[PDB]
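Note sheet for the following structure.
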Amino acid sequence: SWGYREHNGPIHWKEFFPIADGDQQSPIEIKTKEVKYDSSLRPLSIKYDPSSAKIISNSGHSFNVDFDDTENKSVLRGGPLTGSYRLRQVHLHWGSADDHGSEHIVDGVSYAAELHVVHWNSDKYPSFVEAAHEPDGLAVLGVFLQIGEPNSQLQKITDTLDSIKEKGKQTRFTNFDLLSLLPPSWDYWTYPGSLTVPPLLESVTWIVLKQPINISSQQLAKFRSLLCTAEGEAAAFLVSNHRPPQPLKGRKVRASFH
Ligand SMILES: NS(=O)(=O)c1ccc(C(=O)CSc2ncccn2)cc1Cl
Ligand SMILES: [Zn+2]
C-alpha cells in the first residue's frame, strides 16, 4: 500500500489513485502576488472544546488526534465556508530536514512542518464518510510550523509518541487546547482542493493561515521516530510524510487580508 518511500511514495500514487492527477489537487504553491483579495471572505469563527480530544494514534502515515465528532461541541464557521464544519482529527506533515517539511509552500518557502485540522459539513451530510465525497464536504485548516521556542501544547503530543511508535498503536489523549495552539493572526488563504493523501478526494475547502507557529527542533525530530511499519514487520521510520505541490490548474486562490 501507499506511503512516502521510494516505491510507494507521492510520485506513484497516480498509478493507483488516478484522481492524483485531477484538476483540484492539493497542496499547492501559494504565490502571494497572484492571490486575489476577496472582501466577501469572513474572519474564521473557531470553537474547539479541549475535552473533544480523545485518542492519539499512529496510522503509519502520521499521528492522528481523534476528536469525538458525535455532536457540535467543536466547529469551524466563517472564513469561506457556508454552514458549520465539525472537528474530526488533527495530524501533522514534516520532512527529513527542518529545511523542507510543509505541504503548502509560500513564494517558495517551505516550513518545517504543517498541521492539518480536518472538519466535515454536518449541516449537509450525516457523517464524515459521506461528506468526504462531496465538493463542499470537508474543510481543512492548515497551520505552518517554524523552528523556534518549544511549544508547550505540542510537548503534550510529543510526550505520547514513545507509546505509539508502531503502526496501529493508540493511546488516550485529551485536554488538548487546540484553540490556544493557533497563531495570533488568523489571516488566511483559501482555495478548493483535495485530501493530500490517498484517496485524494477533491472535497476540501483549504484554509491556510499565513502566520506560522513555533516548534523546537528536538520536538519536531521526535515525530520522525514513528514507524510506518507495524509490530512484527521490518522497521522503517516515517522521516518524511509531505506531498509535493500540485498544479493550480486555473483555480483562484483568495486572501482574507491585504
Ligand atoms: N492531508 S489532508 O488533506 O488534511 C487529510 C488527510 C487524511 C484524511 C483522512 O483519511 C480522514 S479524517 C480521518 N482519518 C482517519 C480516521 C478518522 N478521520 C483527510 C484529510 Cl482532508
Ligand atoms: Zn494532512
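Scan region 37-52 residue by residue and report those that are among the polar types (S, T, N, Q) and over 24 Å from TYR191 (Cβ atoms).
First pass over region 37-52, keeping only residues among the polar types (S, T, N, Q): 39-40, 45, 51-52.
The answer is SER51, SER52.
Are any of the residues in region 49-58 surrounded by fewer than 17 Cβ atoms within 10 Å (Cβ to Cβ), within 19 Å of the chain's Cα centre (by Cα) and closer than 22 Å to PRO126 by Cα? Reasoning before the result, please.
Step one: of region 49-58, the residues surrounded by fewer than 17 Cβ atoms within 10 Å (Cβ to Cβ) are 50-51, 54-55.
Now restrict to residues that are within 19 Å of the chain's Cα centre (by Cα): 50, 54-55.
Still in the list and also closer than 22 Å to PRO126 by Cα: 54.
Yes, region 49-58 has at least one match.
Please tell me if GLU134 is acidic (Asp, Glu), outside any loop (DSSP other than H, G, I, E, B) and within 30 Å of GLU29 (Cα to Cα). Don't jump to the end; show me each part of the working.
On the way: acidic (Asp, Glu): yes; outside any loop (DSSP other than H, G, I, E, B): no; within 30 Å of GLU29 (Cα to Cα): yes.
So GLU134 fails the test.
Give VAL117, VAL129 a once-over and let me know the one that is surrounded by fewer than 21 Cβ atoms within 10 Å (Cβ to Cβ), within 12 Å of ligand 1 (Cβ to nearest atom) and within 28 Å of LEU227 (Cβ to Cβ). I'd like the intermediate steps shown before the answer.
Working: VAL117 fails: surrounded by fewer than 21 Cβ atoms within 10 Å (Cβ to Cβ).
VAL129 is the lone residue from the list that is surrounded by fewer than 21 Cβ atoms within 10 Å (Cβ to Cβ), within 12 Å of ligand 1 (Cβ to nearest atom) and within 28 Å of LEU227 (Cβ to Cβ).
Which residues, taken from region 132-147, are out of contact with any helix residue (DSSP H, G or I) (no Cβ under 9 Å at 6 or more places or on another chain) and more than 11 Å from ligand 1 (Cβ to nearest atom)? Spell out how you get there, then give the answer.
So in region 132-147, the residues out of contact with any helix residue (DSSP H, G or I) (no Cβ under 9 Å at 6 or more places or on another chain) come out as 132-136, 139-142, 144, 146.
Passing the criteria: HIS133, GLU134, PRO135, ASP136, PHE144, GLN146.
For region 33-102, which strands (runs of 3 or more DSSP E) that fit wholly inside it have 3 or more residues that are within 16 Å of ligand 2 (Cβ to nearest atom) and touching a strand residue (DSSP E or B) at 6+ places or on another chain (Cβ under 7 Å)? Give the steps one after another, and end with the answer.
Numbers: elements: 44-47, 53-58, 63-67, 75-78, 85-94.
Ranges flagged: 53-58, 63-67, 85-94.
Values quoted throughout were computed directly from the atomic coordinates according to the rules given, and no laboratory measurement underlies them. Here Cβ is always computed from backbone atoms with ideal geometry, including for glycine, and neighbour counts include all displayed protein chains.
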